[PDB]
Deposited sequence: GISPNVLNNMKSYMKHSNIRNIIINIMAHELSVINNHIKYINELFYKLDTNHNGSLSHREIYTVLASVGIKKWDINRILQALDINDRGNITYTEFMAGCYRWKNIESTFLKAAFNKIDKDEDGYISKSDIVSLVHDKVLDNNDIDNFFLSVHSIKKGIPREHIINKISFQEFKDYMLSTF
């Protein structure tokens, strides 16, 4: 096992259950992202029929054609993808055109999930709810709020962001 993963675990073990629950929300979002990338990865592998790790115009053309994209569209896609005009398209270049960039921050999305009522503040009750399936109690929650504010018993996105960043 790589030392960086080992060191990550050792740092993780020192934080509170609530901090790490919050980390798990973000971890779910990485899993989702990574699933999309995996599909693109499998797509790339199928297009690369000579298995040379890059895509020619023809390799992409013949597949887009067989799936209903018309010549005029395929050619515009090809010239957008081939950003270096090399006649060979890299994994990174292919994936840039395949990935849905809409809604691309991890911390903001986690905060929004926690703020159940979308009022822009994380209340005590928002944390009670977050831990509804965990054996944690009111002592743990109070500690978390003190930690956040040691850097109104409510938390703005900025105070949320500032706390989480200080734990990395």
item	value
Missing segments of the deposited chain sequence, listed N- to C-terminal	1, 106 to 107, 155 to 163
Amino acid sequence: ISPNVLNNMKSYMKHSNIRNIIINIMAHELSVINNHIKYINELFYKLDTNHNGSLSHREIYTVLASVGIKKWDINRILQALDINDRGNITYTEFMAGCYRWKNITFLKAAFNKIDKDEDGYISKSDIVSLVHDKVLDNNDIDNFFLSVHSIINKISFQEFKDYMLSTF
From here on, numbers count along this sequence of modelled residues.
| item | value |
| --- | --- |
| Mean C-alpha B-factor comparison - 62 to 70 and 36 to 44, higher one | 36 to 44 |
| 137 to 145 versus 123 to 131 - which carries the larger mean C-alpha B factor in the record | 137 to 145 |
| Highest-ranked of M9, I18, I155, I25 once sorted by CA temperature factor in the record | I155 |
| Entry-reported Cα temperature factor of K102, expressed as the chain third it lands in | highest |
| Third of the chain's Cα B-factor distribution that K108 belongs to, per the entry | highest |
| Third assignment of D85 from its chain's C-alpha B-factors | highest |
